[PDB]
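Given as structure tokens, the chain that follows is alone and in the form deposited without the partner chain.
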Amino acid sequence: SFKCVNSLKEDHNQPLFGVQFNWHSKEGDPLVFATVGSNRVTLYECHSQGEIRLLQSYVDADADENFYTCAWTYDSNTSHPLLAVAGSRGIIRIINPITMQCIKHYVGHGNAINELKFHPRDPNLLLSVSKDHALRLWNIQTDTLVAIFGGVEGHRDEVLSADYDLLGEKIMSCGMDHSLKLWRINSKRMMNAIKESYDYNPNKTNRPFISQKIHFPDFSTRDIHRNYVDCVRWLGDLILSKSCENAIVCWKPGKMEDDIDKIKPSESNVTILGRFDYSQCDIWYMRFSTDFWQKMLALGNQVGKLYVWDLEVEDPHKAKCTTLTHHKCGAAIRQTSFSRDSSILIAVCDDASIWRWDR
């Protein structure tokens, strides 16, 4: 069971909107996590007796930048960890976490970036979701924009979240238009676009790299939630998603026995497999997280309470809930992060505080 072993507060006193453990940290090295809030990203190291050691920050040159998301990857040639951050300026920054130098940046989105995700099998493929209603897929090895997921049949309002499935064959995205949309990236067109992005070297050719314009999702529903959908994650072939209605819904496209890879774009049905209710989390912009193995699910609420669900059960509706409270933790928990082994759970808050829970 989890016990709160420590807490701290960042000096900017602004909300912390993101937190991620580095699940690519090397064997024998202490566990490391990043936080994003105000116009900065900060790294910490977890030590014994609940110690959280402060390392170093990246502070944006723009005092008006607001980072909203961060994601870890590694350099595909050296294995060294890399950290990607983005927010209100709509600029993706690739940071060397050792020195906190910005090694490169990507511009493209017409507005703020709400979430970054790396492909589960390819460390170079980065997905960004934006307030400009689109998703973008980048190849950070050749610095190319592989594809833009948008158009009339794409999202009709700001995109808040997206997630890759287990093999990175498809993406589920969600946002302010109340919809959840599926985008297959294992199509002949998308597998070819990814192969071409790797073959692109602007020093060895005259052509610009041509980005795919994907204007039609492979599935779409507005039947799960009745407000902004601000967080989505795959749970095998099933989906976990939430709005600001005090619930995480577990669902799938089509009928109960329909295989996800047989689903057609015209599919009009969904199946609800369960719903995890909770309290006082009815404000926009609150994220839930799962651990590496997807044995657990965590979400914080707007008054500092943590909910943890044990997903190691036969069916999703049988998940077992644990609640974690501390008399000094009373600010909204925007995001949580589990260490790769789930031995540590970190919660980050609206008052710039960080809470460490050890198993």
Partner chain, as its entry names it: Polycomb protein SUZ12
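Numbering follows the first chain given and starts at 1.
S.K.: Of the two stretches 201-209 and 186-194, which shows the higher Cα B-factor on average in the entry?
M.R.: Taking the mean B-factor of the alpha carbons in each, 201-209 is higher.
S.K.: Would you determine, from the values in the PDB entry, which of 343-351 and 20-28 has the greater average C-alpha temperature factor?
M.R.: If you average the C-alpha B-factors of 20-28 and of 343-351, the larger mean comes out for 20-28.
S.K.: Out of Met286, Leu273, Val152, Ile248, whose C-alpha atom has the biggest B factor in the entry?
M.R.: Checking the PDB record, the top C-alpha B-factor among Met286, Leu273, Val152, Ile248 is at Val152.
S.K.: Maximum C-alpha temperature factor per the entry, among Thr69, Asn301, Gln56, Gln49, belongs to which one?
M.R.: Result of the comparison over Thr69, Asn301, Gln56, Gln49: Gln49.
S.K.: When the deposited Cα B-factors of this chain's modelled residues are ordered and cut into thirds, is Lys255 in the lowest, the middle or the highest one?
M.R.: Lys255: CA B-factor falls in the highest third of its chain.
S.K.: Place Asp157 in the lowest, middle or highest third of its chain's C-alpha B-factors, as listed in the PDB entry.
M.R.: Ranked within chain, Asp157 CA B lands in the lowest tercile.
S.K.: Would you check the entry's CA temperature factor for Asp143 and let me know if it's in the chain's lowest, middle or highest third?
M.R.: Its C-alpha B-factor belongs to the middle third of this chain's values.
S.K.: Sorting the chain's CA B-factors, does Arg121 end up in the lowest, middle or highest third?
M.R.: For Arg121, the deposited C-alpha B-factor lands in the middle third.
S.K.: What third of its chain's C-alpha B-factors does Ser88 belong to: lowest, middle or highest?
M.R.: Middle third by C-alpha B-factor.
Keep in mind the form solved in complex with the partner chain is missing from the figure; the text below concerns it.
S.K.: Looking at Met190, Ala247, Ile148, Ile263 here, can you tell me which has any non-hydrogen atom within 4.5 angstroms of the partner chain in the entry with it bound?
M.R.: Contact residue from the list: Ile148.
S.K.: Would you classify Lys117 as touching the partner chain in the entry with it bound, given a 4.5 Å non-hydrogen atom cut-off?
M.R.: Result no; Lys117 lies far from the partner chain in the entry with it bound.
S.K.: Just checking whether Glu153 would be counted as a contact of the partner chain in the entry with it bound - the rule being heavy atoms within 4.5 angstroms.
M.R.: Result yes; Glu153 sits at the interface with the partner chain in the entry with it bound.
S.K.: Is there a heavy atom of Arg233 no more than 4.5 Å from a heavy atom of the partner chain in the entry with it bound?
M.R.: No.
S.K.: Residue-level question: is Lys195 within 4.5 Å of the partner chain in the entry with it bound, judged on heavy atoms?
M.R.: Flag for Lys195 set to no.
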